[PDB]
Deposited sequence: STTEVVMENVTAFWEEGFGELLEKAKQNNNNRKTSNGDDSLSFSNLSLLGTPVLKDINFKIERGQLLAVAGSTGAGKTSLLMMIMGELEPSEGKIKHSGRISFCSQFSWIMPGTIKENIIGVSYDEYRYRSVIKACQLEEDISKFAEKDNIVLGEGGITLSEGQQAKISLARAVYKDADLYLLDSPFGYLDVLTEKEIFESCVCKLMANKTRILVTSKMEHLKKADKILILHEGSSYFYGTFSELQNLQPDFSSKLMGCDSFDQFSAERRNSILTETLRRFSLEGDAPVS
């Protein structure tokens, strides 16, 4: 469980302001909003790299964080995912749901291929999948997934969101930062951020009803690139003011 009550915070204008939400056990919070809105900072705060200046974060547990920038340790594919604690059944289910089995089978050494300076040189998509695999393999109470689908094509991102984030991780408490509407449509609750504050918290069906013009703007949106979706989100969110647009 994660509880946020009237939370505000600034780094070093506050980065986050008046945040209020409660996520139940085994629920999926999809977070979306404009660039610089505080999305990653929200995660940083759950991880305790950011002290709240007001309000209380009622949380305790082991957290696993997948960052939005992929990274790779020198060592094998298996090692990059497992670290040093190995369970065969867990491992298998994670590489399956993160769609790595095909990638792995294409190598002679399979998941014992060594990566790094003397390494095979992996695609951005592969590295993203391994990074997510590492985060999902870690046994944790809370999964914080910050835009993990970055360099994947539409089908692969889809199969991972469904098999991993929704199916395999069904009983975990997770927060996913995303700009994909389909992911919002599937989440238990969504949170829309802009300039530090929440402009919606609730369900996707609920958002469509309470802010029909806002929703109308974001619906073939998912067929745009990550950059264009974040640009569209940002522009629509900027309309929340007293100013005249364009």
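Q: What are the unmodelled segments when the structure is compared with the full deposited sequence, in sequence order?
A: Those stretches are 1-3, 16-50, 258-260, 288-290, listed in order.
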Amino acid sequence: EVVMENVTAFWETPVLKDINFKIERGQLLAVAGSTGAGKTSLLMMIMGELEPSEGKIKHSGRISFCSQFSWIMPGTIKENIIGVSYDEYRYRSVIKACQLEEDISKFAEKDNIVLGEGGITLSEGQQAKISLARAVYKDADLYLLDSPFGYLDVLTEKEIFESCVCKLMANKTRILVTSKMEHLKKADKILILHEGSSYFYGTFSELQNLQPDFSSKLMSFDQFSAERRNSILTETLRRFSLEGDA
From here on, numbers count along this sequence of modelled residues.
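Q: Read off the CA B-factors in the entry, average them over 3-11 and over 236-244, and name the higher stretch.
A: Looking at the recorded C-alpha B-factors, 3-11 comes out higher on average.
Q: So, looking at the entry's B-factor column for Cα atoms, which has the higher mean, 128-136 or 143-151?
A: According to the entry, 143-151 carries the higher average C-alpha B-factor.
Q: Which listed residue, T121, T156, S93, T76, has the largest C-alpha temperature factor in the record?
A: Highest CA B-factor of the listed options: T121.
Q: Out of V84, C98, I104, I175, whose C-alpha atom has the biggest B factor in the entry?
A: Going by the entry's C-alpha B-factors, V84 comes out highest.
Q: Looking at the entry's B-factor column for C-alpha atoms only, identify whether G202 ranks in the lowest, middle or highest third of its chain.
A: Middle third.
Q: Grab the CA temperature factor for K56 from the record and place it in the lowest, middle or highest third of its chain.
A: Highest third of the chain for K56's C-alpha B-factor.
Q: Name the third of the chain's ranked CA B-factors that contains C166, choosing lowest, middle or highest.
A: CA B-factor rank for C166: lowest third.
Q: For the chain shown, is the CA B-factor of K189 in the lowest, middle or highest third of its modelled residues?
A: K189: CA B-factor falls in the middle third of its chain.
Q: Could you tell me which third, lowest, middle or highest, the C-alpha B-factor of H183 occupies within its chain?
A: According to the entry, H183 has a C-alpha B-factor in the chain's lowest third.
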